[PDB]
Amino acid sequence: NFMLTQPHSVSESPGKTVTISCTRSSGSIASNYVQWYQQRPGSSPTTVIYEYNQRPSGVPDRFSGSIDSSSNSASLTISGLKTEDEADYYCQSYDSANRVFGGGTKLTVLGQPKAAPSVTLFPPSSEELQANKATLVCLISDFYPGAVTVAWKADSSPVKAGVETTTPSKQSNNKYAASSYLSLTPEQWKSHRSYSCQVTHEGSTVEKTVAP
Amino acid sequence: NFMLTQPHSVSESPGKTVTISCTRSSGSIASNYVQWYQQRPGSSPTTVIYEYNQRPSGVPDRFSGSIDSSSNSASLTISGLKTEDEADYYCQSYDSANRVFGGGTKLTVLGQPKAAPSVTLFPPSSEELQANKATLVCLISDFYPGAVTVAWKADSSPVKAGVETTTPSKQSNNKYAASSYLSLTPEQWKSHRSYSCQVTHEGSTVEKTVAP
Amino acid sequence: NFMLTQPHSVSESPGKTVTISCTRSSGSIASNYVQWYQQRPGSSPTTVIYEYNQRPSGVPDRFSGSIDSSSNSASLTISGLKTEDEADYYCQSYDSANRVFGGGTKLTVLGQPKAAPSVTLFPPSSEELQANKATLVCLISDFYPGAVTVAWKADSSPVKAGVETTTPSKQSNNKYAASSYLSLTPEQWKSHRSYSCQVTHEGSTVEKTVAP
Amino acid sequence: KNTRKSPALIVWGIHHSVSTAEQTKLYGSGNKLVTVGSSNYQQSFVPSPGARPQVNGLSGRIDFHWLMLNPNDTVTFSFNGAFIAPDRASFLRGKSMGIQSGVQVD
Amino acid sequence: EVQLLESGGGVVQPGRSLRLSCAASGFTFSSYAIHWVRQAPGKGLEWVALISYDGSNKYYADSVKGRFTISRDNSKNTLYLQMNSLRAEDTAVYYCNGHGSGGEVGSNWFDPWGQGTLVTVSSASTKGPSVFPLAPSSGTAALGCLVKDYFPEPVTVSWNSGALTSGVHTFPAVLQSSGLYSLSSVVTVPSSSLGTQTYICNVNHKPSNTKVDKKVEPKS
Amino acid sequence: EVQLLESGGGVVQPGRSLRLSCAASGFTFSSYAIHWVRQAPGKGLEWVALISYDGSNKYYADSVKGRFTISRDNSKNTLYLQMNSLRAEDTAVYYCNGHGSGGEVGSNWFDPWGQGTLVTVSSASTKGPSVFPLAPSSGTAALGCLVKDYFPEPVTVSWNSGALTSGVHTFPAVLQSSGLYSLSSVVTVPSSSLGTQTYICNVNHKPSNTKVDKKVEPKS
């Protein structure tokens with residue numbers, strides 16, 4: 001019936017205030033209650049807000065809930081951010097009886113200045129084309145925050161033939177790294193002029209292309 | 001004053017339920033009544049819904065109308081689809097006295113698995129360039145459903161200098177076929193690196209390019 | 001908290017009516033009053049509308065204000081346009097006590113048929129690459145109205161490394177002219193296949209590319 | 001709190017604005033509330049901003065409420081805006097007689 | 001003292017069945033309705049199912065209807081999720097999560113969650129990694145070595161027989177849609193050593209006992 | 001008779017301070033609240049600050065908090081904006097603008113604006129223009145001449161020693177983010193005269209006293 005859209009990521013400096021939106025595609029946001037959940041890595045989710053604004057016992061006064069009937073959205077806002085707050089946040093509302101969860105919003109609290117990724121694409125190996133195959137290798141490293149979008153393009157056009165990993169942290173520089181593998185065949189690899197590894201990081205979309 | 005936007009196409013398996021949206025660009029959807037019309041190929045339109053939810057005598061109980069004041073939309077929903085329902089559907093509302101029609105929504109009921117198109121582009125003929133002209137030939141065939149978007153791009157950029165046909169069916173495979181002709185001159189054909197025949201089919205946007 | 005978005009430009013023939021929208025990103029447009037300001041070149045702004053519809057003493061009956069709670073917008077409409085009306089228009093609403101201004105809307109009244117721009121891009125000078133630099137030169141001339149968007153692309157991708165001028169008029173043809181300078185280095189200039197000077201004019205987006 | 005040993009006449013008012021826009025302009029945004037309290041009277045007032053029939057040009061109204069506060073009793077105005085506060089309270093002096101007529105005095 | 005205990009998780013193949021259980025202790029189980037909520041790795045939460053306090057009503061997600069079947073035993077305070085006819089995407093952590101008013105309308109927020117039980121649904125084929133070359137396109141550059149189509153984790157990577165470690169990194173693996181793992185490892189170097197030292201890649205995936213070399217040399 | 005007089009505008013460097021003043025005459029200044037609203041060149045309006053009728057409340061824009069400080073003297077009918085710790089972007093025209101109900105609710109629209117005082121914040125370096133070649137990529141074409149990295153305006157451009165004026169245009173300058181000016185000048189010609197006449201560019205920026213030539217010749 002409807003879906004809840006929240007931003008893929010957001011970031012703000014400690015002590016500053018941050019807000020996260022939750023927009024309902026169909027139906028009034030005031031029709032059904034909205035719960036705000038916090039999930040830390042590996043841990044089970046913990047409710048931070050319930051019934052649009054109610055702060056359960058234990059949650060500090062920084063967490064506040066709000067409703068914007070105009071944009072049909074729900075907002076979770078934290079004032080005076082602390083590094084403990086760095087987790088994923090999910091909004092959840094109700095279809096008639098079924099629960100509906102948001103897409104998640106990775107909230108990272110700044111622990112250093114923002115770093116753009118180091119993209120290093122790779123042309124497909126020759127012996128793979130001798131196995132009648134093609135799998136590109138796009139390597140992304142040294143970027144902060146750990147939120148990145150990786151879209152491959154067949155010369156600036158939507159491609160869905162690839163597999164790309166999640167974004168784990170670095171055991172070395174407290175940054176995050178990731179990779180991506182676009183799989184095709186030498187026919188498609190030669191019947192198109194090039195293919196682009198597009199990497200949007202904090203809006204700045206670095207790109208690296210490969211051509212036959 | 002305002003325009004009614006409805007999706008270009010939609011499809012669903014028989015027996016399943018389907019919904020079609022109608023979003024009003026300016027003004028409340030509850031300000032004026034919304035009528036839902038059905039038009040079969042060649043036939044005159046027949047009203048399926050009137051006054052947002054009212055089922056005229058003859059229309060089966062599967063057809064239902066709804067209003068979403070939040071998204072300022074109107075939805076026509078059919079439960080338990082049947083192959084007879086495969087037609088175009090237009091929503092119509094009212095500016096003060098003038099009637100306003102939706103862009104149409106081609107509803108195809110699945111009669112087979114979805115087939116992606118077979119795009120075969122053609123470079124412009126040489127003797128045409130010897131007539132100081134250039135008209136590309138993009139041929140689209142063997143695709144189901146019969147809804148396809150054909151946008152030409154001057155290296156990923158909006159071009160409006162072409163003429164493309166509607167999408168009729170096949171007398172052979174019960175599929176649909178179409179064509180497109182982008183018209184230019186050899187100067188523009190050589191002052192740009194390439195031109196793309198982009199063909200979005202059920203979201204999957206196949207593309208074929210041409211370069212000098 | 002919220003921002004007011006109004007179109008970058010709009011144009012209409014004299015005697016015809018024109019409308020300008022002002023959409024509030026967060027919060028009801030009816031929550032706070034909306035003022036409509038007119039700013040002529042060099043002159044100080046003069047209020048044309050206040051409190052959503054009120055016409056201050058001096059403003060002719062052509063100016064009207066309206067509210068669209070559905071699209072959460074505010075519209076300023078002029079009937080029977082006159083060449084004097086050709087100025088910039090800003091909508092302004094209120095966050096709790098702070099004032100918030102719209103992005104501006106350049107309204108040009110037609111004094112001639114619309115002219116598409118004459119784009120002449122330039123490859124970066126060689127001796128500049130011998131100074132380990134790269135600054136492109138995109139020259140835009142002979143276009144009317146004087147509203148143009150200039151986005152550079154790293155092969156159809158957002159670039160923010162350039163500086164582009166505003167659009168002043170012509171002392172010769174009563175048209176408008178502008179320029180743009182994308183600054184990079186020969187490494188990036190050779191690690192990317194090309195860069196595009198994209199120039200949207202009245203929707204028609206002329207483009208000129210440069211390649212190493 | 002009432003000092004004298006005769007009852008007090010207290011009067012306040014609510015401003016139902018022409019629209020939520022004017023009400024926000026005057027008293028800020030957010031729901032407005034005026035609770036009035038007293039040992040023998042307790043009520044809550046919420047302004048309803050709306051475009052009433054345009055009386056003499058203004059669609060907004062100001063209504064008045066009143067209570068008699070007995071001696072040595074307290075009245076509490078908790079409010080958030082849209083409150084027409086009183087400066088003075090009234091104390092009835094003695095006894096009188098009220099009439100209605102249009103005829104001349106003598 | 002209030003807790004939920006998910007049990008019955010493990011690795012399965014597609015087309016098969018599974019059953020999950022939740023043990024409730026510390027509250028009036030008979031009064032609240034209970035929910036099943038899962039989360040695929042690297043993905044977000046997704047509500048799966050719910051059953052009422054008296055089992056009269058069961059509501060399933062549209063993406064799981066027909067296959068899963070929820071049930072409960074109040075006398076035993078146990079929740080059951082029957083995941084027959086499994087697919088590949090159903091691989092996720094599975095939490096049992098109580099969510100309901102419970103007869104009261106004041107209703108201080110009561111929404112307990114368990115620790116979640118992992119349900120991995122991979123196909124087959126403990127496999128050996130196939131190694132491919134990754135050459136640099138000619139004042140610094142980098143080149144690599146491809147470890148594709150292996151199962152299962154982990155592996156041990158050693159470039160040039162555990163010699164070149166400065167400026168080298170090994171990235172985590174991906175789970176292909178085919179169900180088999182694959183990971184990469186790249187080395188960064190100045191543009192100087194191009195052609196000088198041949199770069200043989202030496203991997204070691206232990207269960208498959210496969211160790212393959214791959215030297216990188218620039219093409220032409 | 002009602003008017004507002006902005007004073008104190010001028011050119012400054014970053015990191016420094018500034019103070020602005022508005023002289024009010026023709027109305028009851030003590031009753032209305034007063035606002036500071038600026039506008040960068042070629043850009044739109046931006047509300048900067050406001051102060052109440054009695055100075056009890058001061059509200060600043062989020063983009064300017066900490067640096068600017070608003071104040072008023074009702075006995076002198078003067079408004080003051082303290083712009084210390086300036087940045088490069090603060091360069092704008094600064095209007096004082098009265099905006100408030102003023103105790104009345106009927107309140108015929110009263111919103112006066114001044115003429116605005118220019119505040120330019122550039123860095124340094126009165127510089128000489130560096131000239132670069134602009135060649136055409138081979139029935140008409142065009143070629144140019146680049147005047148980059150100069151300060152301050154204006155300049156005087158003469159192509160081929162003030163000879164070729166037909167089909168030639170000189171476009172306005174841009175303000176680089178580095179604070180230094182740069183402008184161009186192009187000539188349009190038929191595709192015939194390619195290689196025939198060499199094209200020497202002759203500029204003259206007066207304060208820098210720099211006049212440099214640059215001939216254009218097609219590459220290969």
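Parameters at a glance
Residues numbered from 1 in each chain as written, not as in the entry; some residues may be left out. Chains lettered and ligands numbered in written order. Part of a larger assembly, values for the part shown. Heavy atoms only, no water. Residues with missing side-chain atoms left out of burial classes, pairs and counts. Helix = DSSP H or I, 4+ residues; strand = E, 2+ residues; numbered from the N terminus. Rg over C-alpha atoms; globule rule 2.2 N^0.38 Å. Buried < 20%, exposed > 50% of the residue type's maximum accessible area, 1.4 Å probe, protein only. Contact = heavy atoms within 4.5 Å. Pairing = 2+ DSSP bridges. Axes fitted to C-alpha atoms, helices over the stretch in contact; angles between N-to-C directions. Nonpolar A, V, L, I, M, F, W, Y, C, P; charged D, E, K, R; others polar. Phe/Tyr/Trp six-rings, centres within 6.5 Å; stacked < 30°, edge-to-face > 60°. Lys NZ or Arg CZ within 6 Å of the ring centre and 35° of its normal. Disulfide = S-S within 2.5 Å. Polar contact = N/O pair within 3.5 Å; in protein donor to acceptor, adjacent residues only side chain to side chain. Domains from an automatic or database assignment. Buried area = accessible area lost by both parts, 1.4 Å probe. Salt bridge = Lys/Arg side-chain N within 4 Å of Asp/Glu carboxyl O.

This entry, as listed in the PDB, derives from X-ray crystallography and reports a resolution of 3.30 Å.

(A) Just the overall build of chain D, in detail. Counting its secondary structure elements, chain D contains one helix and six strands. Going from N to C terminus, chain D has its helices and strands arranged as β-α-β-β-β-β-β. For 106 residues, the compact-globule estimate of 2.2 N^0.38 gives 13 Å, and the C-alpha radius of gyration of chain D, at 18 Å, exceeds that figure by more than 25%. With the principal axes as the frame, chain D shows a C-alpha extent of 50 × 45 × 20 Å. Counting every position in chain D, which comprises 106 residues, the buried fraction comes to 26%.

(B) Molecular detail of the overall build of chain A. Secondary structure assignment for chain A yields two helices and 19 strands. In chain A, once contacts between residues fewer than 6 apart in sequence are set aside, the share between residues at least 24 apart is 58%.

(C) Representation of the sheet that holds strand β18 (residues 213–216) of chain E within the structure. All names here are of chain E. Spatially, β13-β17-β18 is the arrangement adopted by the three strands of the open sheet, whose pairing is antiparallel. Strand pairing shows two members of the sheet lacking a second neighbour, β13 (156–159) and β18, which therefore form its edges. Sheet twist, expressed as the average angle between the axes of neighbouring strands with direction ignored, equals 20 degrees.

(D) Spatial organisation of the interface of chain E and chain A. Across the contact, 40 residues belong to chain E and 34 residues belong to chain A. Residue assignment for the side of chain E that touches chain A shows that the elements contributing at least two residues are β4 (34–39), β5 (45–51), β6 (58–60), β9 (92–98), β11 (130–134), β12 (140–150), β15 (174–175) and β16 (181–190) of chain E. In terms of residue count, the dominant contributor to the side of chain E that touches chain A is β12 of chain E (five residues). Considering only residue class, the side of chain E that touches chain A consists of 23 nonpolar, twelve polar and five charged.

(E) Here's a closer look at the packing of aromatic side chains. Considering all chains together, one arrives at 29 aromatic pairs over all chains under this definition. Between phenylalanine 151 of chain E and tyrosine 181 of chain E the ring centres are 6.5 Å apart and the planes differ by 40 degrees, which places this aromatic pair in the tilted class. You can see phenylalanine 151 of chain E sitting in the loop between β12 and β13 and its partner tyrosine 181 of chain E sitting in strand β16, a full 30 residues away along the chain. Judged by centre distance (5.9 Å) and plane angle (70 degrees), the rings of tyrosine 95 of chain F and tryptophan 113 of chain F are edge-to-face. Of the two residues, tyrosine 95 of chain F sits in strand β9 (residues 92–98) while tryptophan 113 of chain F sits in the loop between β9 and β10 (117–121), which places them 18 residues apart along the sequence. Just as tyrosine 95 of chain F is buried, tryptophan 113 of chain F falls in that class too. Chaining the aromatic ring pairs together yields one cluster made of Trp12, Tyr41, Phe45, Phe77, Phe79 and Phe83 of chain D. The residue whose ring lies beneath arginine 19 of chain E is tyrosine 80 of chain E, and the NZ or CZ to ring-centre distance is 4.5 Å.

(F) Representation of the state of the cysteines within the structure. All names here are of chain B. Tallied over the full model, the rule gives ten disulfides over all chains. Here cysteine 22 engages in a disulfide with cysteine 91; their sulfurs sit 2.0 Å apart. Judged by the torsion about the S-S bond (80 degrees), the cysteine 22/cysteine 91 disulfide is right-handed. In this pair, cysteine 22 is assigned in the loop between β3 (18–20) and β4 (23–24) and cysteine 91 in strand β9 (residues 88–94), connecting sequence segments 69 residues apart. A single burial state applies to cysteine 22 and to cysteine 91, both of which are buried. Indicated for chain A is the disulfide connectivity 1-2, 3-4, based on numbering the bonded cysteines in sequence order.

(G) Looking closely at the side chain of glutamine 39 of chain F. Residue placement: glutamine 39 of chain F occurs in strand β4 (residues 34–39). Relative accessible area serves as the criterion here: at 8%, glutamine 39 of chain F is assigned to the buried category. Side chain to side chain, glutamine 39 of chain F and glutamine 39 of chain C meet in a polar contact 2.3 Å long. The contact partners of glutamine 39 of chain F, leaving out residues within four places of it in the chain, are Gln39 and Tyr90 of chain C together with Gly44, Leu45, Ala92, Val93 and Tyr95 of chain F.

(H) Highlighting the sheet that holds strand β1 (residues 3–7) of chain F. Residues and elements named next belong to chain F. Across the sheet, which stays open at both edges, the four strands sit in the order β1-β3-β8-β7 with antiparallel pairing between neighbours. Two strands bound the open sheet, and with one partner strand each, they are β1 and β7 (68–73). Strand-to-strand twist across the sheet, computed as the mean angle between neighbouring axes with direction ignored, equals 15 degrees. Sheet analysis places strand β3 (residues 19–25) next to strand β8 (residues 78–83), joined by five bridges and oriented antiparallel.

(I) Geometry of the domain arrangement of chain A. All names here are of chain A. Partitioning chain A into structural domains gives domain 1 (1–111) and domain 2 (112–212). The C-alpha centroid of domain 2 is placed 31 Å from the C-alpha centroid of domain 1. With nine residues of domain 1 at the interface, the matching set in domain 2 holds ten residues. Between domain 1 and domain 2, a total of about 690 Å² is buried, with carbon and sulfur atoms accounting for 48% of that surface.

(J) Highlighting the pattern of salt bridges. In the structure shown here, the tally under the stated rule is 22 salt bridges over all chains. Put simply, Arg38, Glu46, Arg67 and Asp90 of chain E are held in one network by salt bridges that share partners.

(K) How the structure looks around the pairing of strand β8 (residues 73–78) of chain C. All names here are of chain C. Where burial is concerned, most of β8 is hidden: six out of the six residues are buried. The side-chain alternation of β8 yields two buried faces, one formed by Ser73, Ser75 and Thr77 and the other by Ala74, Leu76 and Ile78. One ladder, built from three bridges, connects strand β3 (residues 18–20) with β8; its direction is antiparallel. Across the sheet, residue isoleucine 20 finds its bridge partner in β8, namely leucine 76. Looking at chain direction, strand β7 (residues 63–68) and β8 are connected through six bridges and run antiparallel. By the bridge assignment, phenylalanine 63 is partnered in β8 with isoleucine 78.

(L) Representation of the pairing of strand β3 (residues 19–25) of chain E in the model. Pairing of strand β1 (residues 3–7) of chain E with β3 of chain E, which is carried by five bridges, proceeds in the antiparallel orientation. The residue bridging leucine 5 of chain E from the neighbouring strand is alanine 23 of chain E, located in β3 of chain E.

(M) Looking closely at the environment of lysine 190 of chain A. Residue and element names in this part refer to chain A. If you trace the backbone, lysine 190 turns up in helix α2 (residues 186–190). A residue is classified by how much of its surface remains accessible, and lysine 190, at 53% relative accessible area, is exposed. Spatially, the C-alpha atom of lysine 190 lies 6.1 Å from that of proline 212, the residues being 22 residues apart in sequence.

(N) Quick look at the environment of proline 113 of chain C. Its location among the elements puts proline 113 of chain C in the loop between β11 (105–109) and β12 (118–122). Along the backbone, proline 113 of chain C and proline 145 of chain C are 32 residues apart, and their C-alpha atoms lie at a distance of 9.0 Å.

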